[PDB]
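A short worksheet on the structure shown next.
We count ligands from 1, going down the list as the structure has it; atoms in each ligand are counted the same way. Along the sequence shown, residues carry numbers from 1. Values reported hereafter were calculated over all heavy atoms of this structure, with side chains retained and with hydrogens, waters and symmetry mates removed.
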Amino acid sequence: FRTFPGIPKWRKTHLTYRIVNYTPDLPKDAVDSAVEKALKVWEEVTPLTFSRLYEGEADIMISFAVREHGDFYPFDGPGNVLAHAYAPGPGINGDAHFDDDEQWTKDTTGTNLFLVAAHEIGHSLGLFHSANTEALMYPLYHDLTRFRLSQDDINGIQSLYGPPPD
Ligand SMILES: [Ca+2]
Ligand SMILES: [Ca+2]
Ligand SMILES: [Ca+2]
Ligand SMILES: [Zn+2]
Ligand SMILES: [Zn+2]
């Protein structure tokens with residue numbers, strides 16, 4: 001695992017998230033489910049907890065976007081960069097953006113929303129890219145049935161937030 005410079009870490013254990021918009025690619029319930037599942041991946045192995053907001057600024061603002069979208073890092077069309085997320089902190093920090101020029105799917109027929117979300121949330125929590133090819137934080141993620149957080153990812157996230165309480 002790799003942890004970001006000067007260890008930007010959330011100073012608190014409870015984080016809020018907000019799904020700002022929805023992709024035409026999928027039913028809204030599929031987007032919500034994929035996000036909830038992605039958050040659970042990290043919650044299960046740390047003391048972190050999450051709750052959802054429908055207004056105001058949540059810690060983790062989640063949105064779909066294309067090309068120029070209000071930050072200095074425009075998306076690049078179909079393929080290549082699939083999404084991006086900012087390290088812990090206020091405002092844009094912690095936020096996650098998903099490139100709608102990808103075809104988001106609940107399975108592996110396009111770009112799997114759950115898997116990419118899980119990876120990006122890793123960034124939102126302070127993890128950087130792993131060298132372990134089997135890690136969720138390896139740049140190169142993609143049998144969803146056989147998905148399992150790697151010990152490397154668990155080691156990395158616990159180095160920041162510790163193991164579950166009890
Ligand atoms: Ca792209
Ligand atoms: Ca934020
Ligand atoms: Ca799309
Ligand atoms: Zn962006
Ligand atoms: Zn990444």
(message) Go through it in stages, so that I can follow the logic: the residues are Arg67 and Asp101, the test is side chain to side chain contact (heavy atoms under 4.5 Å, CB included), and I'd like the CA-CA distance, side-chain angles, deciding distance and then a yes or no.
(response) CA-CA 9 Å; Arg67 304 292 182 178; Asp101 277 334; 4.0 Å; yes

(request) Check whether any side-chain heavy atom of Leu39 lies under 4.5 Å from a side-chain heavy atom of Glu36, and answer yes or no. (result) no

(message) Does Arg52 have more than 12 heavy atoms from other residues, nucleotides or ligands lying within 6.0 Å of its CZ?
(response) yes

(message) Tell me the angle that NE2 of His123 and NE2 of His119 form around the Zn ion (ligand 5), rounded to 10°.
(response) 100°

(request) Could you grab the distance from atom CG of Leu53 to atom OH of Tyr17, nearest 0.5 Å is fine? (result) 10.0 Å

(request) Compute whether any side-chain donor of one residue and acceptor of the other, for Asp95 and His97, lie under 3.5 angstrom apart. (result) no

(request) Would you list the pairs meeting ring pair (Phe, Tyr, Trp, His ring centres under 6.0 Å) in which at least one residue belongs to residues 136-166, sequence neighbours left out? (result) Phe114-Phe147, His119-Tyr141

(request) For the Ca ion (ligand 1), check which protein N, O or S atoms are under 3.0 Å away and list them. (result) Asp76 OD1, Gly77 O, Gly79 O, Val81 O, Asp99 OD2, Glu102 OE2

(request) Using the test side chain to side chain donor-acceptor pair (under 3.5 Å), find all partners of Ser33 that sit at least two apart in sequence or belong to another chain. (result) none

(request) Could you tell me whether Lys37 atom NZ has more than 12 heavy atoms of other residues or ligands within 6.0 Å of it? (result) no

(request) Using the six-membered ring wherever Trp is involved, compare the ring planes of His123 and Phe128 and label them parallel, tilted or perpendicular (cut-offs 30° and 60°). (result) tilted

(request) Could you please tell me which protein N, O or S atoms lie under 2.8 Å from the Zn ion (ligand 4)? (result) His69 NE2, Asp71 OD2, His84 NE2, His97 ND1

(message) Is it the case that the side chains of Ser150 and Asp152 hold a donor-acceptor pair, with the cut-off being a distance below 3.5 Å and no angle test?
(response) no

